[PDB]
């Protein structure tokens, strides 16, 4: 049982939202069914407080938070696993990412990206210099999804702190406890409590306030397309940073040797199953050129079969559950539907509630739901594509999504052709689409995002207003 954290105060309601462990569907916790008025109060506190932390003080808070994450990683990952159902291996990894987010944000605090312009440049010129600086917003609204209960909150909160913003976070009702815990760690690390509130509740009660509150200068949201579009419609005249799904390919080109196909098979399996496949940039389509598919697929099958799936709290489990039974069932349905359309299921030890095995399916039709829609689970689906790069690129670009991608090849000419031709935010050569550092520009186009970049550096710019001033010179 965990109250909301509203500027460092514990705030409860009578009604509760129950949090269930997807492994066995038991209640592992409860948080308040907060209402608009709670969000409203959090935003008023955020608006009224004017942070005065020096860059040194910000760095010290952010680095202390990193140290606390590392020190408490076992405890934090337990909370993640118990709420989300991913393996301890995956949740421990997630704490490591949050540790990087806070560390990198702390280190970026010393960096001033101000610019200077000389004005004697044209016939309209003057003896004068223009200088730029950045200032924080009134308040920032952060709405986070279930797939990274810790790291998604870190990515929105760390850059806010580093820029002297005040943020209010509404985590998903499915995995709210991790966020509440992160808030406690931040207060303990010395954050002025007005800079952070974490409120909880049903979208129907508190969701709209997060979007429309008059103090909110910026809404940063990560989650699904439908919820994303709704937000974009309802948050008028607010800056919006919306990251919606992906449907990202790992592309296997026909120049690879058998040793390379094996390394690619490693990437395909890891990319498709890490975090139970619950990543906007998970491998959701393995596009394998026809002439190597016969050697490639077996290598993939063999690796999938090595994966231990089961009890998420067992430290030797690789693959835990997906978010719930209904999602798992939907994913299995899409598999079955694809098999009826010609697909060849090579490995499917059977689903158990929310626990989905790393199902390997070959010869998936590219227009079947399994790969055309976003399938947010640990399916390993190989689509066989022509030994033609133009046709492969056209196919890769044929979905509503455009986030990341991975391409395995040794031919530079083809590398650069894919880099130029894939309609995505990121193209990784010889890595999964999921690969990034926590501070590189991140974001998609098309239905994957509204077109603004994220990651620690771009988030920090995004959470500020640039002010210019000029002086006689």
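Numbering follows the first chain given and starts at 1.
Legend: mean Cα B-factor per stretch from the PDB entry, 189-197 versus 113-121; the higher mean is in 189-197. Across the two stretches, 314-322 and 102-110, the PDB entry reports the greater mean Cα temperature factor for 314-322. Out of 80, 183, 137, 293, it is 293 whose C-alpha atom has the highest B-factor in the PDB entry. Of the candidates 54, 440, 65, 26, it is 26 whose Cα B-factor is highest according to the PDB record.
In this PDB entry, the Cα temperature factor of residue 415 sits in the middle third of its chain's modelled residues. When the CA B factors of the chain's modelled residues are split into thirds, the value for residue 159 lands in the lowest one. The PDB entry assigns residue 362 a C-alpha temperature factor belonging to the highest third of its chain's modelled residues. Compared with the other modelled residues of the chain, the Cα B-factor recorded for residue 205 ranks in the highest third. Placement of the Cα temperature factor of residue 331 within the chain: highest third of the modelled residues, per the deposited record.
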